[PDB]
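One structure is given here, and the rest of the page talks about it.
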Amino acid sequence: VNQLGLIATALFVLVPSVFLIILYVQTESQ
Amino acid sequence: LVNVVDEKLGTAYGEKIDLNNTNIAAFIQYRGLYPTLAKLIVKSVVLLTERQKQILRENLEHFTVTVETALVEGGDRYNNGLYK
Amino acid sequence: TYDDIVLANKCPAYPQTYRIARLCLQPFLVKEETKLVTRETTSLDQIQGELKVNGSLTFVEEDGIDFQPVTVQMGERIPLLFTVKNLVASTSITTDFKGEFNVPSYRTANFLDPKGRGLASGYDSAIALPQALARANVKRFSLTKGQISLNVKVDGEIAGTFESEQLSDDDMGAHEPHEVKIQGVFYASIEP
Amino acid sequence: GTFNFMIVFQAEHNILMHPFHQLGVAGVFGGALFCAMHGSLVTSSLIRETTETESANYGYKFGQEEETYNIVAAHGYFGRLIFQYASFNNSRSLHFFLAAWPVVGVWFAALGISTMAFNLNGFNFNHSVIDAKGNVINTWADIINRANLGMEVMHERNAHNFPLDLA
Amino acid sequence: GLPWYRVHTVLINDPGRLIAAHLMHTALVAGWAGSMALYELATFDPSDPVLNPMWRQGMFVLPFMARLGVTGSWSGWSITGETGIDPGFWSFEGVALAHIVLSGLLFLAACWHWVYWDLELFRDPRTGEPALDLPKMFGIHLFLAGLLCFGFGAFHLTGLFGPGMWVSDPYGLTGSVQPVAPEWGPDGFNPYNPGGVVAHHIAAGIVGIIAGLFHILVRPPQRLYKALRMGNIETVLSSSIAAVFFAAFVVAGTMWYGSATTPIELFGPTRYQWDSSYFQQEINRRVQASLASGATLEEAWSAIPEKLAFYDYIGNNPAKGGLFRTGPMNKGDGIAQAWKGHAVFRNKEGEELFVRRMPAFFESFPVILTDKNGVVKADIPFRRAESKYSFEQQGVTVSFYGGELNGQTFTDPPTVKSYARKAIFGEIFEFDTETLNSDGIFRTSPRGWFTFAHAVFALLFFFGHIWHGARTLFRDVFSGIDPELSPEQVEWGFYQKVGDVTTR
Amino acid sequence: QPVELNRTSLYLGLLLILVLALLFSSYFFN
Amino acid sequence: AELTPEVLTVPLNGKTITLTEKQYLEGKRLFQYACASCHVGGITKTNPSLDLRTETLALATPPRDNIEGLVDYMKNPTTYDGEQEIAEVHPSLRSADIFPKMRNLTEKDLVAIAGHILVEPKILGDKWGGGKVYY
Amino acid sequence: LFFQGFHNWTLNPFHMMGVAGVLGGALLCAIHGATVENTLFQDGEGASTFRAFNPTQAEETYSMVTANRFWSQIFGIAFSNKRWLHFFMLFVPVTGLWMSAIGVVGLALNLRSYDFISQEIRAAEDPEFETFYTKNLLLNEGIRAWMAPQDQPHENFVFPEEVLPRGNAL
Amino acid sequence: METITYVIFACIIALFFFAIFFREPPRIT
Ligand code: CLA
Ligand code: CLA
Ligand code: HEC
Ligand code: OEX
Ligand SMILES: [Fe+2]
């Protein structure tokens with residue numbers, strides 16, 4: 001496979017997943 | 001390592017009726033051979049009934065004797081999965 | 001009869017020209033360099049030969065269902081054409097049959113692989129990879145000999161146990177064939 | 001494996017030329033149309049309850065008794081969009097149509113597969129238009145037939161020992 | 001609070017923090033162009049622009065620097081073929097470093113305009129509200145655009161104070177950077193004539209200067225201001241998104257179709273130069289111009305440039321890769337080491353057979369050797385048992401003229417058939433499948449990738465134009481329609497005109 | 001201005017990403 | 001083009017007989033009545049070796065690229081070399097007992113099947129007797 | 001059938017987002033249509049419910065509370081916002097048909113997801129590794145060689161009766 | 001690296017478990 005094939009997906013899962021979890025903890029906390 | 005069926009094409013099998021290798025359907029290109037004599041041949045360049053000997057001798061310049069193991073095993077001398 | 005069977009995979013001193021009329025063989029020891037993942041399409045049956053008396057009865061088989069594709073799971077699956085194709089075996093029959101037969105390739109020359117590549121039909125290239133193999137590209141038909149030693153119960157119809165040693169599918173040269181040893185029982189029904 | 005099943009099915013049963021599959025495409029293209037239609041006419045017709053500084057989704061509170069969108073404006077919109085009588089100004093008659101169009105569509109399409117189970121294949125117009133001499137004037141259904149031939153001579157390349165693909 | 005997709009709408013009534021968010025976008029874009037060109041320098045093999053040029057290495061922004069005069073490196077290499085050159089500051093390194101230096105400077109400017117949003121320049125003097133004079137702003141920026149359109153055309157592109165641009169011969173062999181004079185006649189609208197590209201920017205620069213002066217000193221009509229909602233800046237967004245997708249559609253076409261702006265030594269051959277056999281006709285045009293001088297075939301083919309025969313190879317077609325076949329073209333076939341030569345196919349009759357070249361549609365293509373009179377004389381068969389036209393049967397030999405194999409003839413049909421499956425790709429080349437693990441799976445050029453991004457951006461910006469034009473014309477209603485919307489407002493025939501309450 | 005992201009939007013937006021990456025991982029590894 | 005006497009001239013026995021546009025259209029229908037279940041398009045479905053091509057039929061023993069030879073086949077069908085006799089597996093007028101779709105075929109109606117089999121390869125081309133490769 | 005043979009457009013991920021969008025739209029058409037029609041309030045004394053709606057009314061014609069409790073226990077999740085439901089009905093076929101657009105723009109340049117390079121590396125040196133993927137690619141070679149001399153007459157594809165990819169007996 | 005990435009599906013089941021049983025509930029309002 002591509003050796004950049006998991007980094008293309010880990011930074012596709014986790015990069016918006018970090019974004020939507022950051023957004024949720026800053027609106028859970030109000 | 002060469003494909004033995006394709007290496008069979010460049011020799012006299014792939015110019016005439018190789019009597020050891022061609023399908024029984026490849027005899028239809030001439031008169032008298034198919035299906036009685038073609039059954040008798042498939043089953044040195046062939047010789048039985050006397051009119052059959054005259055059909056064969058008129059065709060003997062069209063006949064080749066060169067046994068290839070892929071081309072004959074598994075009953076491919078009679079049916080090779082080659083239809084219309 | 002046939003309705004109370006659908007056993008079809010199972011086979012059921014005796015003293016001039018003689019003939020073997022119905023030779024069954026019901027078996028797979030595979031040499032490590034099993035199971036039967038083929039369900040019950042494994043027995044040879046209805047084999048007709050010519051028992052030629054010489055002291056030794058030469059058995060030139062000719063005709064019958066005398067090949068069976070068998071895949072055994074070692075977990076590697078090992079296809080073998082279990083066969084007694086064109087067997088010439090030899091020994092008042094009481095008696096072994098120390099015979100040598102030829103296995104062909106499992107897949108014949110019309111067989112196409114997943115990439116279209118076969119021997120008499122198909123691609124001699126690897127058309128998936130256009131600018132790139134040759135072992136899998138060129139299909140190499142095997143016909144290696146196998147040896148079988150039948151060991152003859154006796155009535156006209158006799159029975160016992162065979163043991164054949166043949167190689168596996170070599171995948172038309174693409175990998176190495178395992179040595180399969182096929183133990184099992186047999187039944188031959190001799191009639192002049 | 002699904003795409004294998006679709007390709008082989010068209011090779012053997014000509015599913016595209018089967019009208020029950022064509023009613024099914026009419027059920028899912030219409031189903032996706034009338035979804036995006038109904039989804040956009042209700043969203044077009046939402047009453048202002050919120051500010052532009054927060055989402056319009058909070059104009060709905062769950063269990064409320066007022067309808068969250070103006071059905072008269074959406075019918076006034078969509079009725080002027082085509083013509084007034086093409087338009088479901090009845091919300092119940094609207095949602096029956098949203099219910100029934102993909103469902104009867106996919107019913108017929110499942111009846112496509114279930115009838116091409118028993119080899120009642122699609123419409124076979126191979127060599128239908130022929131000229132005065134009798135030469136076959138190929139059609140678009142003859143171009144499909146060559147594509148259909150392409151998949152069917154290649155599906156299960158080793159499974160067929162006989163010239164006709166019966167089942 | 002705000003929805004996640006509405007978080008940037010805190011900058012509409014904040015023009016100073018709109019400038020800062022813009023300065024940061026422009027810092028990231030200029031930062032990328034520096035970062036992409038420095039990464040491109042770190043992977044560019046420059047020692048062979050004949051058989052391994054920038055479009056074989058997936059060099060994205062190296063041809064955009066190249067097409068406006070940037071030609072050398074501080075390392076020493078020029079892309080035009082020389083080594084040891086001092087191109088001054090404006091190398092591929094110095095351009096990239098200028099873009100990083102710009103990006104840090106636009107960063108700190110964005111930091112300034114974010115903190116100091118509350119400047120009186122944005123505040124309207126008559127109502128104390130942060131207001132942008134978008135008509136006057138437009139004419140100011142249109143004046144600046146035409147100043148920089150004229151000066152790029154009439155100083156940079158003309159070469160009078162500037163390098164010029166990348167010019168080519170039609171087959172892209174001796175293409176370099178030259179000053180180009182403006183074409184003022186009708187041949188300047190030929191997109192392949194670079195004199196029109198210079199003369200566009202001179203002429204559109206003046207017209208943009210003239211119009212920029214117009215929109216400074218002429219105010220919008222009362223009915224054009226209100227039709228477009230010119231007080232709102234969402235209308236500047238919706239018409240600028242409308243412009244940039246038109247413009248991205250144009251650069252998708254002029255990359256794909258080719259222009260003077262998109263040459264083939266920089267972005268690669270177009271797919272239409274393989275469709276027409278546009279290099280094959282030129283290759284045979286040179287060969288027959290020595291076949292009538294008396295120069296024999298081995299001579300008349302050892303004079304074809306290796307760069308010219310490389311353009312006549314299907315692994316340089318941009319319609320030949322795939323969406324996830326990633327990386328350089330050299331990740332596909334490989335690095336072209338040398339031309340193997342022109343494979344001439346002759347049967348045992350000794351009559352010349354011509355391979356049916358593969359179209360860009362096809363992943364697989366059967367090898368089929370027609371003659372000049374069109375009838376098929378040889379093929380590599382699928383079913384070989386009932387065959388009639390195999391290479392083994394018809395005695396097909398292959399001879400090579402020019403290239404590596406100049407004067408070699410292969411008659412044994414396995415070696416003829418291997419060269420025949422490479423002759424469906426055009427001219428046959430010897431590839432290095434060892435430098436970068438080239439798996440034979442064809443890749444796309446920077447010409448094909450740029451068209452994909454900029455026609456998918458332009459389509460994605462079609463929706464953005466629609467969405468933001470919807471937001472502009474319907475600004476009162478994106479919280480929802482009126483609760484006091486009368487049933488007699490959308491009822492038919494209660495008003496003589498749709499929308500107007502005075503027509504009842 | 002604060003960003004609100006309710007838990008359903010964390011749940012759909014994670015669903016949007018994970019089934020996007022379950023799709024495209026076959027192509028990113030290629 | 002147009003169906004015409006240049007197409008409707010086919011060898012009768014070394015003589016050619018002319019079909020009509022009624023007769024060729026009748027014998028397409030009598031071919032689809034009793035022959036084209038196996039001989040659709042000029043092939044043989046139950047024996048894909050023996051196509052109904054003119055070259056195949058000219059090479060049969062006796063020659064069956066004639067109309068007198070094809071009506072002699074439909075009254076006495078032989079093998080391709082004429083040795084073995086196949087009226088018990090092939091439809092004929094000697095086998096009205098077992099092929100009931102042959103019983104109403106008269107001597108002016110078999111000549112149209114003999115007419116259709118010979119005229120049609122000139123009409124289709126390689127498609128008659130060519131199979132699915134030539135569809 | 002062109003795009004299957006030449007582009008392998010089924011395998012393209014942008015077409016699958018379109019199939020998920022269209023069939024999701026047709027599902028959300030059928031589900032929301034039947035959910036509303038089976039959570040209706042009884043507003044008329046007749047057994048045919050369509051005459052229990054005049055459009056000038058401002059009542060919900062169906063029980064969104066029951067509809068949410070139906071789908072929460074049948075399927076697990078339910079809409080509870082009727083505005084978010086109908087935006088999702090706008091969203092799902094429109095994002096699907098927009099994703100199919102991005103694939104076709106790629107297929108304009110023949111940027112297919114034709115092949116998983118890792119599998120045809122596996123299948124070209126192993127003649128026993130068969131997946132349904134390599135079976136579809138064998139079908140596409142069938143389409144591209146059997147259809148093209150007829151589909152593309154300008155190319156003058158004269159494909160002989162022996163270059164055609166054919167399995168056994170067909 | 002291949003299959004254990006794909007086994008993204010285990011995150012989907014955890015989201016399937018969380019969005020069913022731990023959703024912020026619909027409130028009758
Ligand atoms: C300050 C001056 C400056 C200079 C001299 C350069 C120079 C360069 N840039 Mg850089 N760049 C700059 C600022 C600059 N840049 C800034 C501020 C940014 C951030 C926005 C960038 C972001 C950037 C990127 C992402 C890239 C470059 C690239 C380049 C190189 C090629 C440019 C090219 O061919 O594209 C063509 C340029 C245009 C077509 C200009 C567009 C003008 C359009 C056509 C106007 C149309 C609308 C108009 C307003 C309508 C009215 C017209 C009116 C006259 C009628 C060149 C070395 C490329 C490169 O090679 O990087 C190393 C590249 O990829 N630049
Ligand atoms: C220069 C072009 C431009 C500019 C200045 C804007 C600006 C805006 N858009 Mg618009 N829009 C554009 C083009 C643009 N858009 C395009 C091309 C599309 C179609 C895709 C849209 C479709 C669109 C919709 C449907 C909506 C907006 C909205 C908005 C507003 C809020 C943005 C926000 O907070 O997102 C927040 C963004 C994030 C949290 C990041 C996620 C965004 C996606 C998933 C990834 C972004 C891509 C990546 C990071 C980099 C892109 C590189 C670029 C080359 C494309 C803001 C006014 C919103 C609005 O109008 O509210 C009132 C809104 O609902 N836009
Ligand atoms: C299926 C049962 C058939 C029907 C109905 C008809 N034919 Fe036939 N035909 C069939 C076979 C199996 C064969 C081959 C026989 C053999 O010798 O092995 C044939 C052959 C012919 C031929 C000879 C073709 C040749 O190569 O010489 C002819 C001329 C012929 N068939 C004609 C024919 C006609 C006119 C029919 C309709 C009345 C007809 N056949 C019906 C199988 C079948
Ligand atoms: O298995 Mn799946 O597909 Ca129903 O057809 Mn016969 O079988 Mn096979 O060929 Mn075609
Ligand atoms: Fe609704």
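What's counted below: heavy atoms across the whole structure, side chains too, no hydrogens, waters or symmetry copies. The chains referred to below are lettered A, B, ... by the order of the sequence lines, with proteins before strands, and numbering in each begins at 1.
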Q.
When you compare the side chain of H:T61 with that of D:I71, does any pair of heavy atoms fall below 4.5 Å?
A. no

Q) Is there side-chain contact between H:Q57 and D:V72, with heavy atoms separated by less than 4.5 Å? A) no

Q. So, do D:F62 and H:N81 sit near enough that their side-chain heavy atoms are less than 4.5 Å apart?
A. no

Q | Distance-only side-chain donor-acceptor flag, H:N168 / D:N158, under 3.5 Å | A | no

Q.
Do D:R157 and H:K135 have side chains that approach each other closer than 4.5 Å (heavy atoms only, starting at C-beta)?
A. yes

Q: Could you check which of H:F87, H:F50, H:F132 has the highest count of heavy-atom pairs closer than 4.5 Å to chain D?
A: H:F50

**Q.** Part of residues 90-99 of chain D lying next to chain H, heavy-atom separation under 4.5 Å
**A.** D:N90, D:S91, D:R92, D:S93, D:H95, D:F96, D:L98, D:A99

Q) Side chain, backbone, both or neither: which part of H:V94 has a heavy atom under 4.5 Å from chain D? A) side chain

Q: Tabulate, in ascending numerical order, the residues of residues 104-120 of chain D having at least one heavy atom closer than 4.5 Å to a heavy atom of chain H, or enter 'none'.
A: none

Q.
Can you tell me which portion of H:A30 sits under 4.5 Å from chain D's heavy atoms? Options are side chain, backbone, both or neither.
A. both

Q: Tell me, with the steps shown, if H:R166 and D:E152 meet salt bridge (charged side-chain N to carboxylate O under 4.0 Å, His left out).
A: CA-CA 9 Å; H:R166 286 173 89 183; D:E152 73 92 9; over 6 Å; no

Q | Heavy-atom contact with chain D under 4.5 Å, split by part of H:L138 | A | both

Q: Please list, in residue-number order, every residue in residues 6-20 of chain D that has a heavy atom less than 4.5 Å from any heavy atom of chain H; write 'none' if there are none.
A: D:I7, D:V8, D:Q10, D:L16

Q: State which residues pass ring-ring contact (aromatic ring centres under 6.0 Å, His included) with D:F162; sequence neighbours excluded, sorted by chain then number.
A: none

Q: Would you mind telling me which of H:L23, H:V36, H:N136, H:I143 has the largest number of heavy-atom pairs within less than 4.5 Å of chain D?
A: H:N136

Q | Considering all heavy atoms, the nearest D:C35-H:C29 contact | A | N-SG, 3.9 Å

Q) Of all heavy-atom pairs between H:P55 and D:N89, which one has the smallest distance, and what is that distance? A) CG-O, 3.3 Å

Q: May I ask you to check whether H:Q150 and D:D142 show a side-chain donor-acceptor distance below 3.5 Å?
A: no

**Q.** For chain D, the option from H:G96, H:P149, H:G25, H:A145 that forms the most heavy-atom pairs under 4.5 Å
**A.** H:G25

Q.
Contact between H:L139 and D:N4 at the side-chain level, heavy atoms closer than 4.5 Å - yes or no?
A. yes

Q.
Please rank H:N38, H:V22, H:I31 by heavy-atom pairs under 4.5 Å with chain D and give me the top one.
A. H:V22

Q.
Exactly one of D:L41, D:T43, D:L46, D:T68 should register a side-chain contact (heavy atoms from CB on, under 4.5 Å) with H:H86. Which one does?
A. D:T43

**Q.** pair H:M64-D:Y60: side-chain heavy atoms closer than 4.5 Å
**A.** yes

